[PDB]
Amino acid sequence: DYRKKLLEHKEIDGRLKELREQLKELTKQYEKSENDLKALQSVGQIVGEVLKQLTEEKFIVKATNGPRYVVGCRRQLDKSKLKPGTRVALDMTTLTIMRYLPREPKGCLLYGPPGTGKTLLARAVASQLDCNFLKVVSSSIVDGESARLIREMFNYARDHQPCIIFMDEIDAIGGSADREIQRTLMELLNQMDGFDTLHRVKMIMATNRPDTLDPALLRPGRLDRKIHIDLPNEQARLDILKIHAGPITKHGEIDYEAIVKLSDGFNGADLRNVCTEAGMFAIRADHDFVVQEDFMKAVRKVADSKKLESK
Amino acid sequence: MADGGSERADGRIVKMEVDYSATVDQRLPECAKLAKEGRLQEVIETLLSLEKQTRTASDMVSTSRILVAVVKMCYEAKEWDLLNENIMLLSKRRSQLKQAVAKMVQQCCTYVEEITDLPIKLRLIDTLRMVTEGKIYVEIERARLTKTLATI
Amino acid sequence: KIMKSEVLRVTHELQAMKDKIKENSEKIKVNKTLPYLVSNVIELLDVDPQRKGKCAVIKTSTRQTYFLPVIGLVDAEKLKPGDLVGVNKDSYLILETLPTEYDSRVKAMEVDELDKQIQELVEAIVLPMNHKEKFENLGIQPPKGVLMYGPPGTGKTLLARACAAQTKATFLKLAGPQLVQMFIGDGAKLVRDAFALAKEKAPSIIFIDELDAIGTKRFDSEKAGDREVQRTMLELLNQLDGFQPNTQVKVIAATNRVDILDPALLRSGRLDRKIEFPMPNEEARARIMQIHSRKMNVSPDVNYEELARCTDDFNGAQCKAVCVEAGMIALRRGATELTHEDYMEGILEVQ
């Protein structure tokens, strides 16, 4: 009789202490609201730019709207960032300064004639680390006024030290109509063989066939290494097949060895589409479970169709 | 396609047992055109993973009982890129070469303990020059041969 | 339960908080109710050396640049270089950010409120709005890009438009030449804006046509006017590949001629379904024509043989045009009910 009261009181105290999580969690957000309300107290800041400076303590500022003014020096900030050539900020009162306003294997060759899926690997690396997010279009020309645009992009590449370049379908630009093309090529040569540090920035090129790819431009100089991908690796294909077999339940007896072995000259995304097509083919039998027999047949047929349409 | 070369390979391993190196010399023009053809990169991988094993098997037979080793090293010394001379198109496989050199240095590793005194210094003085002449490698076997030479 | 007696005080403090937030939550409504103008916001990351560096770049419609950090309530879809933000007098702060897109005009393109193949098509367009709940157990990933093509004379345009009515969702209209303009660099803006509207709005239906003409890679090396939609398509595929949001609303593409095809269009996110039309039959066209004409008043005696036989290499819109033409002279015939011979008469009339 006395032993059950402890359990009962444990239940009451339990449901009493379990109702706090519906409050104390959102109280932090409610407090954060007023915190933001107190964070909105700072207003009336304007901008400015520094050109000429006479006195080290007090310099001249240039507004974006075009009128010119002069300000002093705040006891907080130092003379380190006070140097000219840096866009700063100003206040509507006393024209003080809260802070400033900052402005905003060296090569590889990938040729894809047997199929595709290199972009899937590049996407895998990009989703892995990639050190940054950047993409270079195949043709920046149609966007002779694109030269300054290329030099601008490379200027940004010099601005941000870490860089990785991804270029897909470069065989299009690899091929007075031809004269301007040759001129653009000469510009590319001038830019790549100019003065720059390639030990950091990395470039990746994706393409189709080794014809318009300019083997002279595929030279060791303008491209260190070349890697040929015929198809995803056996371990890689098995792995991606395993992770694609995760959400879909199958029969107790399962063999991926047949699926992997019978697959020749196929691509990951394509094979995934074949798998989904096999699922939609096996959904016609309205069964919750699907044997690998129908899977093997459907995969075989669909892949054969893809081989017939591979032209 | 390597399907035709496979029959030649597994036929070769059966037909070649007690025969001398003359049959290999007769096998040279046969393997020459075989190296000339097969433009396909992926297809002939098997053929390159077979025929090489066959000729190295013949080399094993020649190095089994009686070995002059002069002609053996002279053949490879005189012929390196000779098979690739007729082909203007760049092979750029960079696949079977590693396994090739690894197998060669594997056999050389089996013979590295005790065989005979004279040929080994010639083989080493040849391959250390091959390191320089090659200029492209995974930089494994190249260090292997020279460090295993250094140990001596 | 003597140790749990201190919880009551905590609850009293919490309800006291709920009582004391009434005023500060009340002033929000009267303060933020009327932003006086609209300014452009550009996000720029600064560095203070908590004291974490935070800033932003503002552009007023009066062309006056000011200074201000990133503030306001909890942000989710914010921090993007959009427009239409709430601002008070002299404060230049950010309260409510709503995206209406940029240069609206492209967006208001249009407002819209063979059995074996059309069955597969209907199932295909229905399943992403249906089987999503069953896609967890079955693990079936729905295709995104769907390529609908075939020989000229099919009438697939108004057929897909008819399926759009079956989807019950909103339908949009975008053509090939619509992507070609006098300006430059329009592709990226168009794609990003379209995906923005697709992100903000309901899972509507998007259908584009003539991807073959604007996707021509021009084997001939001499000259041509449009290289733009090529890289626009490349960028489209890039965003349909390297982006997780691509699981969102699908984009349907169609090509008239098979002469030009891009091998890189094969993917789940990209074009997947490929259906060739092998000289579509007659009786089916008669069936859909019956479905279309079932509303109008017609004498219920039809052999269907003559009208099925007289139709050769004709669109669906051309069949509807045959129906309309049949309704044209039926008005001046004096008859209040459409007859059988009027159909074939219309066929021999307009065609």
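Method of determination, as annotated in the archive: cryo-EM, at 6.8 Å resolution.

The name the PDB entry gives chain C is 26S proteasome regulatory subunit 6A, with Homo sapiens as the organism. In the PDB, the title recorded for this entry is "Conformational Landscape of the p28-Bound Human Proteasome Regulatory Particle". Taken verbatim from the UniProt record of chain C, the Sequence similarities comment is "Belongs to the AAA ATPase family."

As annotated in the PDB entry, chain B carries the name 26S proteasome non-ATPase regulatory subunit 12 and is attributed to Homo sapiens.

Draft legend 1. Local environment of the overall build of chain B. A count of helical and extended segments in chain B gives 8 helices and 0 strands. Reading the helices (α) and strands (β) of chain B from amino to carboxyl end gives α-α-α-α-α-α-α-α. For 152 residues, the compact-globule estimate of 2.2 N^0.38 gives 15 Å, and the C-alpha radius of gyration of chain B, at 16 Å, lies within 12% of that figure. Each of the three principal axes of chain B carries a C-alpha extent, and together these read 45 × 35 × 20 Å. Burial status across chain B gives 19% buried among its 152 residues. Counting every atom, chain B has about 11,300 Å² of accessible surface; 60% of that belongs to carbon and sulfur. In chain B, 24 positive and 23 negative side-chain charges are present, and the distance between their average locations comes to 3 Å.

Draft legend 2. Layout of the arrangement of the chains. Here 2 pairs of chains are in contact, and chains A and C lead that list by number of contacts. In this assembly chain B lies apart from chain C, the nearest approach of their C-alpha atoms being 21 Å.

Draft legend 3. The UniProt feature "binding site: ATP" in chain C, seen in detail. Residue and element names in this part refer to chain C. The positions that UniProt labels "binding site: ATP" are, in the present scheme, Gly150, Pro151, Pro152, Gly153, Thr154, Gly155, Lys156 and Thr157. Judged by relative accessible area, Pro151 falls into the partly exposed class, the value being 38%. Setting aside its immediate chain neighbours within four residues, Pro151 contacts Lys156, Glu276 and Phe277. By the element assignment, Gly155 lies in the loop between β4 (145–149) and α5 (156–167).

Draft legend 4. Fine view of unusual backbone geometry. Its identity as a non-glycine residue notwithstanding, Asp143 of chain A has a phi of 20°, on the positive side. Topologically, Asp143 of chain A is positioned in the loop between α3 (118–128) and α4 (147–159). Residue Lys168 of chain C is not a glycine yet carries a positive backbone phi of 65°. Checked against the element boundaries, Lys168 of chain C lands in the loop between α5 and β5 (171–174).

Draft legend 5. Fine view of the interface of chain A and chain B. With 5 residues of chain A in contact, the opposing surface of chain B contributes 6 residues. Roughly 560 Å² is buried in total at the junction of chain A and chain B, and carbon and sulfur atoms are behind 44% of that figure. Sorting the residues of chain A by area buried against chain B places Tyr111, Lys226 and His228 of chain A first, and these three jointly supply 68% of that buried surface. Taken together, the links from chain A to chain B amount to 0 salt bridges. Run the count over chain A and chain B and you get 3 residue pairs in polar contact.

Draft legend 6. The pattern of salt bridges, seen in detail. A full pass over the atoms with the stated rule returns 20 salt bridges over all chains. Residue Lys189 of chain C is joined to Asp103 of chain C by a salt bridge in which the shortest nitrogen-to-oxygen separation is 4.0 Å. Taking relative accessible area as the criterion, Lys189 of chain C reaches 31% and is therefore assigned partly exposed. Residue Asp103 of chain C is classed as partly exposed on the basis of its relative accessible area, which comes to 26%. Because the salt bridges share partners, they merge into one network encompassing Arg123 of chain A together with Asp241, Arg267 and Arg270 of chain C.

Draft legend 7. Structural detail: the sheet that holds strand β1 (residues 45–50) of chain A. Residue and element names in this part refer to chain A. Taken in spatial order, the 4 strands of this open sheet run β3-β2-β1-β4, and their pairing is antiparallel. Among the strands making up the open sheet, the edge pair consists of β3 (68–70) and β4 (88–91). Recorded for the sheet is a direction-independent mean angle of 50° between the axes of neighbouring strands.

Draft legend 8. Broad picture of the interface of chain C and chain A. Counting from both sides, the interface comprises 53 residues of chain C and, opposite them, 61 residues of chain A. At the boundary of chain C with chain A, total buried surface from both sides reaches about 5,200 Å², with 61% on carbon and sulfur atoms. Its largest share of buried area at the contact with chain A, chain C owes to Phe67, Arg227 and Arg231 of chain C, together 15% of the area lost on that side. In this structure, the connection of chain C to chain A is made through 1 salt bridge.

Draft legend 9. Quick look at the sheet that holds strand β8 (residues 271–275) of chain C. Residues and elements named next belong to chain C. Read across the open sheet, the 5 strands follow the order β5-β6-β7-β4-β8; overall the sheet is parallel. The open sheet has two edge strands, β5 and β8, and neither has a second partner. Strand-to-strand, the axes of this sheet are offset by a mean angle of 25°, without reference to chain direction. Bridge analysis of β5 against strand β6 (residues 205–208) gives 4 bridges, and the strand direction is parallel. Its bridge partner being in β6, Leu174 is matched across the sheet by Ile208.

Draft legend 10. Spatial organisation of the pairing of β4 of chain A. Residue and element names in this part refer to chain A. Side-chain alternation along β4 places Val88 and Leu90 on one buried face and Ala89 and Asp91 on a second face that is also buried. In this sheet, β4 lies alongside β1 in antiparallel orientation, the contact comprising 4 bridges. The residue bridging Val47 from the neighbouring strand is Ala89, located in β4.

Draft legend 11. Quick look at the packing of aromatic side chains. Summed over all chains, the structure comprises 3 aromatic pairs over all chains. Measuring from centroid to centroid gives 6.1 Å for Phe133 of chain A and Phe243 of chain C, while their planes differ by 25°, and the two rings are stacked. One end of the pair, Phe133 of chain A, is in the loop between α3 and α4; the other, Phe243 of chain C, is in the loop between α7 (228–239) and β7 (251–255), on a second chain. By relative accessible area, which is 33% here, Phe243 of chain C ends up partly exposed. Taking 4.3 Å as the distance between ring centres and 35° as the angle between the ring planes, the aromatic pair formed by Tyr66 of chain C and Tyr92 of chain C counts as tilted. Here the residue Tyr66 of chain C occupies a position in the loop between β2 (56–60) and β3 (67–68), and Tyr92 of chain C occupies one in the loop between β3 and α3 (115–126), the gap between them amounting to 26 residues. Here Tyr66 of chain C matches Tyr92 of chain C in class, with each residue buried. Above the plane of the ring of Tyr111 of chain A lies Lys92 of chain B, whose end atom (NZ or CZ) is 3.7 Å from the centre. Of note, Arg142 of chain B hangs over the ring of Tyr137 of chain B, and the distance from its end group to the ring centre comes to 4.5 Å.

Draft legend 12. Summary view of the nonpolar core. Core analysis: the largest hydrophobic core is formed by 13 residues, its most contacted members being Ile165, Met167, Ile170, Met205, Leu213, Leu218 and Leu223 of chain A. Of all elements in the fold, only β5 (108–111), β6 (164–167) and β7 (202–207) of chain A reach the threshold of two or more residues within this core. In this structure, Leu218 of chain A is in contact with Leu109, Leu213 and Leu223 of chain A, ignoring residues within four places of it in sequence. Judged by nonpolar contacts, the second largest core, of 11 residues, contains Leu147, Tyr149, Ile208 and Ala253 of chain C.

Draft legend 13. Layout of the side chain of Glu45 of chain B. Residue and element names in this part refer to chain B. Position of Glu45 relative to the elements: it lies in helix α3 (residues 45–48). One buried charged residue, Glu45, remains without a salt bridge, the closest side chain of opposite sign being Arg93 at 4.6 Å. Among the polar contacts listed, one links the side chain of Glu45 to the side chain of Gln96, at a separation of 2.6 Å. Residues within four places of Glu45 in sequence aside, it is in contact with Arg93, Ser95 and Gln96.

Rules used in this analysis
- Residues numbered from 1 in each chain as written, not as in the entry; some residues may be left out.
- Chains lettered and ligands numbered in written order.
- Part of a larger assembly, values for the part shown.
- Heavy atoms only, no water.
- UniProt positions renumbered as here; feature names shortened; annotations may be inferred.
- Helix = DSSP H or I, 4+ residues; strand = E, 2+ residues; numbered from the N terminus.
- Rg over C-alpha atoms; globule rule 2.2 N^0.38 Å.
- Buried < 20%, exposed > 50% of the residue type's maximum accessible area, 1.4 Å probe, protein only.
- Areas by Shrake-Rupley, 256 points an atom, 1.4 Å probe, with all protein chains shown as cover.
- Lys, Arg positive; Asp, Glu negative; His and termini not counted.
- Charge placed at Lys NZ, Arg CZ, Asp CG, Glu CD.
- Contact = heavy atoms within 4.5 Å.
- Buried area = accessible area lost by both parts, 1.4 Å probe.
- Salt bridge = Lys/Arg side-chain N within 4 Å of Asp/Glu carboxyl O.
- Polar contact = N/O pair within 3.5 Å; in protein donor to acceptor, adjacent residues only side chain to side chain.
- Pairing = 2+ DSSP bridges.
- Axes fitted to C-alpha atoms, helices over the stretch in contact; angles between N-to-C directions.
- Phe/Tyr/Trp six-rings, centres within 6.5 Å; stacked < 30°, edge-to-face > 60°.
- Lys NZ or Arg CZ within 6 Å of the ring centre and 35° of its normal.
- Core = buried A, V, L, I, M, F, W, Y, C linked by side-chain atoms within 4.5 Å.

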